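If you're matching positions, the sequence shown starts at 27 in PDB author numbering and goes up one per residue.
The beta carbon of each residue, even a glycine, is placed where N, CA and C say it ideally should be.
Report on the structure given below.
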Amino acid sequence: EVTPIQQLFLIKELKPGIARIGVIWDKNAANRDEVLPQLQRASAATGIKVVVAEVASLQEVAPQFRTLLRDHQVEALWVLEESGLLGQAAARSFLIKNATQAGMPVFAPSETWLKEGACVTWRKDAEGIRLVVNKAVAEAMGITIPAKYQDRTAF
């Protein structure tokens, strides 16, 4: 239940100084009109440049991901939902493997991504936002969890 702007603010905290982030967006996902304007707005708000590469089928995943790196020099991969294409194991594992090889952490929509090598996900409860972290990947990627969340954070 964590909004895009809240997510990108957490990313800013986990990765201070981050300038550019890449998003792989499933063109056929619901709430595309809700979400993509929100991305433009989260970007404005955090000062992190958000570059969206949209994908419509599995065969576009590899070349769209490569464009984020080739043309935009993003420092992380941000995935916002997984209702269609991005729920496919092939897409998920391609993205995590290649983000990792390129040295970039993956901020993911569910814990399933963390078990495969993504770095951080999130959920909301009544007390607020909880970070979920893949400790091993975070450590290797130089991601330090700030003390204020350390209590909240599930590993």
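Item	Value
Cα-Cα separation, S109 to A55	7 Å
Whole-number beta carbon distance between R58 and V77, since they are thought to touch under 8 Å	So it is not a contact: roughly 16 Å between Cβ atoms.
For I50, the nearest candidate out of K38, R118 and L40 (CA to CA)	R118
Beta-carbon proximity check, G143 vs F91, cutoff 9 Å	no
9 Å Cβ cutoff, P30 in contact with chain D	In the displayed structure, chain D is absent; only one protein chain is listed.
At least three beta-carbon pairs within less than 8 Å, the stretch 61-72 to the stretch 91-103	no
Own chain residues within Cβ distance below 7 Å of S136, not counting five before or after	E108 and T147
Beta-bridge pairing of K150 - partner residues as DSSP gives them	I155
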